[PDB]
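Just one chain follows, in the form deposited in one PDB entry, and it is written as structure tokens.
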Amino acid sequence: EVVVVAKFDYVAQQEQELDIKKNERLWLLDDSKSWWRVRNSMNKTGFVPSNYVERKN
């Protein structure tokens, strides 16, 4: 984990997100993947690594 700095304020839109403020120092726990926000048929939401998602396109 590295220390990073928030560029902008961000207001979390779901409980799995973090509220941050511009210029806040944070610890970066994982930048090795692009996580995507997903929801299933059971109405549950969360994050999965992008490569686990298939868009039929």
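Note that residue numbering follows the sequence shown and begins at 1.
Per the PDB record, of the two stretches 19-27 and 33-41, 33-41 carries the greater mean B-factor over its C-alpha atoms. The stretch 48-56 shows the higher mean C-alpha B-factor when 48-56 is compared against 3-11 in the entry.
Form deposited in another entry: not shown, discussed below.
In the two-body rigid motion between the shown form and the other one, the C-alpha atoms of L18 and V38 are best fitted by different superpositions.
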